[PDB]
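Let's start with one chain on its own, the form deposited in one PDB entry, as structure tokens.
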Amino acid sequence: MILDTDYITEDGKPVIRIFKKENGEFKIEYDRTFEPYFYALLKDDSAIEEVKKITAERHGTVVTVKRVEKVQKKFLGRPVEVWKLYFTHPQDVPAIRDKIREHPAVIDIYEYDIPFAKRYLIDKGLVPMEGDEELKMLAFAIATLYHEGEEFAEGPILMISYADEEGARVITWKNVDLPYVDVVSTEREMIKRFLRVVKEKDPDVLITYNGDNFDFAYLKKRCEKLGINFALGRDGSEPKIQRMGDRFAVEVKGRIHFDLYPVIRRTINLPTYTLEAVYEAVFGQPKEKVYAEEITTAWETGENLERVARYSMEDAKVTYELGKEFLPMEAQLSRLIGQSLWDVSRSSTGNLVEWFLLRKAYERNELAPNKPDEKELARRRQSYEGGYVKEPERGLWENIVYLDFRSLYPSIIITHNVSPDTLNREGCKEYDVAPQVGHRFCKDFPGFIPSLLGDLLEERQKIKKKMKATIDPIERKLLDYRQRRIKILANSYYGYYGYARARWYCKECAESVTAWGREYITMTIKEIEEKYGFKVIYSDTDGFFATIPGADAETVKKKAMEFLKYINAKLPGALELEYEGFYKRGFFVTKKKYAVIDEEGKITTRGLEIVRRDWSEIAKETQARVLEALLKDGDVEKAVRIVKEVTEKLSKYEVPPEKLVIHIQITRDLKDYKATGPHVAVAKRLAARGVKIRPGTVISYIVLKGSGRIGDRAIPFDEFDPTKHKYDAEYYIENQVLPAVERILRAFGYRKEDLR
């Protein structure tokens, strides 16, 4: 089982290292045969010997073209001939690719920015994380000394913790009366003990939470100041600190450093992303946190250090338990994308699609387009029109059926052959025309992406079917992840089409997909209304809520089935409308804001404030409470009662303070905010302290009773405490709880005045 790839240099020549685990034993494969290359396209074969003789310099050295071969390749389905420029060293490239391209007789250069190790996995057709192997894992966390006004590190590591299958233990250099804490003499001793256990345990996966930008990194500077060699790698190497854009990432060679924070952020939507918040969310088990002022105080006073060691032990524990929950999903994703878990787990949606397409492009001898240059990126600032949203029939409804297409946009892509290699292709026998936008798509042959999307969806149904048959627990659950992982990749293609940074960018493909979807949803709206007498309450992009006004639950149900049988006969290709569910009642505030109640009594919510993270827990809890009353019981007077109830508890300051917190993320440099909002103003003052504000940092603030703008009365909740602070009861009652619950009962004639 191939875990990762990289290369070392031996006598100036690159040596691929294939890190594997084969039947429980870590192994390293070496390849010195692989040669770095990129492609060049030129007007005449006359400049090739002129193109062989170009020279550059990387580091006092002189880089030359090792060899040349010219290959017949396809470009967007069209055949072409490019020169393959081999080189001595993987880094020979970047130094000389610009020089070759500025050559007037070269038209362009292709596939010049593929990392050697990743290029190796593609060209050699090797799949990472493919196999049945069980990986030994080890999670770890650290505790540190912090003075409010001081730079990074320089303030020792008080304790280091780790967890695995056997349990969780803490290492520290003071004495703590806890059975799971190992005591050593010094911080230097504590660090060295941690190096020994990792080597002793020899884990394939090192699980951290934000170790990329803190946990790991501290350890090095402390290791450097204390004269310690940080031999964490399987080849005795030190962790690799690398720069990933704004933030940083850490490698550990021979092992997979599995930082949960990036994978947790992309996978889940949480109001806050502290370790306790993620744990409470995933496992429903609460974890309390000891703040940094508490740990430094405790350490210097020698107060309950038991409390700090219990917290630090739980950090490692939940990190391991979270790592056990998310590694397989992330591992199967790597098998799909064909890249290392390390690279896959830190990759955005766009990178994952492109790494997949690049592997497939290589297989189909399809030369890969380049990433757009700066000016060519500017010509992609064009925008197009997307899904269709019907203005709802606002109010309360009964006997509501929901019908949507199965994977609308993927179905459109394969059915109509939506692809840049087929868009406006000439000389074909059969074409599909996209409505409104009018683009033609050749259909004589399968488009590059449509063929990939077809086999993807075909494979998923095969995994899904194999799933139910499998006797094995663990193969079955992994099969669930790969199948579900194929779903997310399959639905990423349309957005990829409109992504300006995509190699395979095609705005025409993007607006063609959206155009068909609008006609398919609207044509279906009219058919169900005109020929079956249904009433369509609400339709958003790929589905609609419909009812027959004066009908029984069984009548609307069975009639809806008959409509399905009828339009599916009229539905081309893989497009199919399905019966998603039936809901006894539903309430629709406006576009994107609605909720429904099924037969079970379970309530589904969309776009309402209960879903929002920038709305305090309390207006959501109240909005959920009223929503339940009329959806579950129909008791409108009970719904004004709970609002009445809540409103007086805010007025009397009985409501807990944590309910009143409102979490709003910072989306950019603070300097570039044209307007200053409450979360901005808060963030801005923390900036005027030791804390630094990173885009994507969540600010949790509370509004206090005071005079002025809401931004001038907001403090971070951590520094809020009732001794000197009285929260603003009126704002939460006037701007929060009522406005949310003053978007659904107006239809019942109620006004905020009826709820104070």
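Rigid core (definition): largest C-alpha set, two forms, superposition within 1.5 Å. Residue numbers here begin at 1 and follow the sequence given.
As for the form deposited in another entry, it is not shown, yet the points below apply to it.
Comparing the two forms between this form and the one not shown on the rigid core, the single residue of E658, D202, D113, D480 with a CA shift of 2 Å or greater is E658. Taking 2 Å as the criterion, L226 does not count as shifted between this form and the one not shown: its C-alpha moves by less than this amount when the rigid core is aligned. Once both forms are fitted on their core, a CA shift of 2 Å or more is seen for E385 between this form and the one not shown. When two forms of a protein are overlaid on their rigid core, residues whose CA moves 2 Å or more are considered shifted, and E376 is one of them between this form and the one not shown. Cα-Cα spacing of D246 to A378 is reduced in that other deposited form versus the present form (difference of at least 3 Å). Note: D246-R379 Cα separation is 3 Å or more shorter in that other deposited form than here.
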